[PDB]
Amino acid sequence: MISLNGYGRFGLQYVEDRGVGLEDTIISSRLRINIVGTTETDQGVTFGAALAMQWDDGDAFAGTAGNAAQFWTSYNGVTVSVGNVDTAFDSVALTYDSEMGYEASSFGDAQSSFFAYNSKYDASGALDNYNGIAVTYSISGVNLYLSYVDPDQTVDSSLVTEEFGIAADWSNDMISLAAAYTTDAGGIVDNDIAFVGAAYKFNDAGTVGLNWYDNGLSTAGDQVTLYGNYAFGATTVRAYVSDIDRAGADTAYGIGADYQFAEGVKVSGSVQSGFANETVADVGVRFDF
């Protein structure tokens, strides 16, 4: 069986003083199409393969191609994936929950380098023999994630730095906890990064959380992000503040809102300020199909 799904988004993206002779406000947009092939068996083992075709404004050649494939096998709550996998640091709950605006961005997300699903081809040639293996297990409320990524599987293993990651998250109705740890993140020796997060659903309508990170070799150093959101009917208000250890950095912060126009259609905007005083704002729509 083959299924197709995806989303489109478009809106205005403002970057204060973007560059000499550059427009500060542009129309930023993205089209993402996922092609998923699945083979179900009467034994209860499902086999699947996925490809993504993603276009973003500014992409080279004004064209769209598929990325590298991901393959998986699922049985009884357990999923093993191979190829272009999702990694543990990128898949754990809570770590991206401060994101806002129609481009789902936040200075409060981790300021470290690590491997993650590659949405597009890479013209440099760096991903040509990249291969990962990931294992996920969802007991019930609990999620366990493991990932191993070899950036160049054809070369002897001792000559290349491989990335190993582990993560887990747990949730009930009001509290959620998550933690992740990755060694040699991004294929960089000694870039060992870690995440610990917690969130409290202080009503059916609002949630407050705190994420803490060890950003490994990044110049940001350790980081803490405090965020919260509150839903008023169809509109959600979101905010966050984040601090990093880097000397002289400003406190980053963001305020935004989402409006659920209809099932699958979300109008969102945000105004944010970064660690170097960058001022960014956006307003747009995402529609799922």
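Throughout, we count residues from 1 along the sequence that is shown.
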{"item": "115-123 versus 177-185 - greater average Cα B-factor per the deposited record", "value": "177-185"}
{"item": "Given 254-262 and 49-57, the range whose Cα B-factors average higher in the PDB entry", "value": "254-262"}
{"item": "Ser140, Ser106, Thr87, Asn129, ranked by C-alpha B-factor: the highest one", "value": "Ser140"}
{"item": "Most elevated Cα B-factor in the entry, residues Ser91, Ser171, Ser81, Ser98", "value": "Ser171"}
{"item": "Third of the chain's Cα B-factor distribution that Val15 belongs to, per the entry", "value": "highest"}
{"item": "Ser29 by Cα B-factor - lowest, middle or highest third of the modelled chain", "value": "lowest"}
{"item": "Ranked C-alpha temperature factor of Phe195 among modelled chain residues, by third", "value": "middle"}
{"item": "Third of chain Cα B-factors occupied by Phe164", "value": "middle"}
{"item": "CA B-factor placement of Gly37, once the chain's modelled residues are sorted into thirds", "value": "lowest"}
